[PDB]
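Shown here is one chain on its own, the form deposited in one PDB entry, set out as structure tokens.
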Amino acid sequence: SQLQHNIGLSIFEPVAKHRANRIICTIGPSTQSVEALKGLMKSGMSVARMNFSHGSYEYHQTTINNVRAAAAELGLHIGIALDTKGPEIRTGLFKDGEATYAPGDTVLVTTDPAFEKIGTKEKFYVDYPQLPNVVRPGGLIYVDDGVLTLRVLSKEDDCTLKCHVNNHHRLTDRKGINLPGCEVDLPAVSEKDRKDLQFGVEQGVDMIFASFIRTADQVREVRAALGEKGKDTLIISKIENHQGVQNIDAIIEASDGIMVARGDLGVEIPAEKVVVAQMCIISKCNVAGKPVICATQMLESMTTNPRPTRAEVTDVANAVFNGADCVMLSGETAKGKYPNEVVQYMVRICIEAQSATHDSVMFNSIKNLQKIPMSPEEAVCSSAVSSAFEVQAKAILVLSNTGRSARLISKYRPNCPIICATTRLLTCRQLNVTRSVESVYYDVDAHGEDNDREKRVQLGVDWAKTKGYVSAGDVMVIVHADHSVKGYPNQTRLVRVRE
């Protein structure tokens, strides 16, 4: 019981855990250099995130080329994630970057590209063409996350409106709109959104963070766009509105992982609700054995300060306790004055949380929910974690070439590293968002074909030993596939490490 584990904690005793959670970093102005990426990678970054709501394909080619190079230099497998622009009434590029509005002020609202960047306190530009035809005089236009609100007074022109400012506010370039009436019929992939995805498939990104995913059929839309050149790339639905939360079950089923965009949620639902929404979404993701990421508002105030707030830290800790596979920094790492320090604060938070959770309870929970008869595949990975616990194993070594196996083995939340020995690089890269896994590449072209699966097991065990996991007389847990199976691993082996 956690209760026992809690009363057994000492703040003074060092912690021993090998970090199980994974840290996702956003690249931007202050971390795009190869030397900076190398510092991100040394400090714990598992996936670099390309936020495409910003920058040209040239800025984003620089990031791809630079993380690959930094990665190479380090000999690591770092994921690359293309976060989409998303459907989003968006508006900014203000004249002088900004404008401030007082209550009572009248301000034009135009869909004319002529003022798309000469946006002033008096005339600015809203990306939605159908605004005059979808918002009537009287209703409200939520500008910059339900903060600045405007009352429509007249359709002043064919595509311009004259609006009444309710509350004061300071609008910076590119602020999102949240028209309170639905029937905006917003697409799943804007025309840019598409074009940004071929560029991602064309450059070999490992995962898409599809943005403003509301229904499962959208997660299908994203997929189809990725094409067959990209049939094998991960789609991570971004749950950021009440509709996502509403259909979280069929979104989970049709996606490959889920990201909880906490702040974006909190525009529409209360804070105290958002808390629950995260417990809920994360746990459903645990049970489905799919990767779940916490998103917005992580260690926010360490974007300008050398340390975050105690509350923000119990916030990250909670996302871990709650069952998150990864935490994602954004802006802390992308525009910030301390990227390597924030990423190293995140490592220390995970280990301390990890150290603070009972090792077994998640296993027992996820096990006691499984229906019986289990399938072979499920049982194999279940019994692995189970054996490992029972014999006190120091590492699970699975040989999986897509990695489905490692995600199953991690779904039981063992208390030791999972070492995945894969013959695919993509798999090395994509596994970065799954708890406790650490991939190891078996270059078949370089070496034998390893049909006896012996070289690969040495590979994994050599690593386990050099990485400090396992040492002479430790018991390890090998999960591979028999020579007589269609796909999947069905064989498991309990070895002892020999000096």
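Under this definition, the rigid core comprises the largest set of C-alpha atoms superposing within 1.5 Å between the forms. Start at 1 and count along the sequence shown; that's the residue number.
K.L.:
In the PDB record, does 480 to 488 or 21 to 29 carry the higher mean Cα temperature factor?
P.N.:
Stretch with the higher mean C-alpha B-factor: 480 to 488.
K.L.:
Name the higher of the two by mean Cα B-factor in the PDB entry, 145 to 153 versus 238 to 246.
P.N.:
Per the deposited B-factors, the answer is 145 to 153.
K.L.:
If I read the C-alpha B-factors straight from the PDB entry, which of 468, 448, 44, 55 is highest?
P.N.:
In this record, 448 carries the highest C-alpha B-factor of the candidates.
K.L.:
Select one of 206, 377, 127, 83: the residue whose C-alpha shows the highest B-factor in the crystal structure entry.
P.N.:
Out of 206, 377, 127, 83, the record gives the largest C-alpha B-factor to 127.
K.L.:
Sorting by Cα B-factor within the chain, modelled residues only, which third would residue 493 end up in: lowest, middle or highest?
P.N.:
Middle third by C-alpha B-factor.
K.L.:
Grab the CA temperature factor for residue 35 from the record and place it in the lowest, middle or highest third of its chain.
P.N.:
Middle third of the chain for residue 35's C-alpha B-factor.
K.L.:
Within this chain, which third does the Cα B-factor at residue 291 fall in: lowest, middle or highest?
P.N.:
Lowest third.
K.L.:
Test of reading the entry: by CA B factor among the chain's modelled residues, which third contains residue 332?
P.N.:
For residue 332, the deposited C-alpha B-factor lands in the middle third.
K.L.:
Once the chain's modelled residues are ordered by C-alpha B factor and cut into thirds, is residue 315 in the lowest, middle or highest one?
P.N.:
Within its chain, residue 315 is a lowest-third residue by C-alpha B-factor, going by the deposited values.
This next part talks about the form deposited in another entry, which is not shown.
K.L.:
Just checking, between the shown form and the other one and with the core aligned, does residue 137 shift 2 Å or more at the CA?
P.N.:
The answer is yes, as the C-alpha of residue 137 shifts between the shown form and the other one by 2 Å or more after core alignment.
K.L.:
Given a superposition on the rigid core, I'd like a yes or no on whether residue 167 shifts its C-alpha by 2 Å or more between the shown form and the other one.
P.N.:
Comparing forms between the shown form and the other one, the residue 167 CA shifts at least 2 Å.
K.L.:
Hey, the CA atoms of residue 99 and residue 30 end up closer or farther in that other deposited form than in the shown form, with the change being 3 Å or more?
P.N.:
So the answer is farther.
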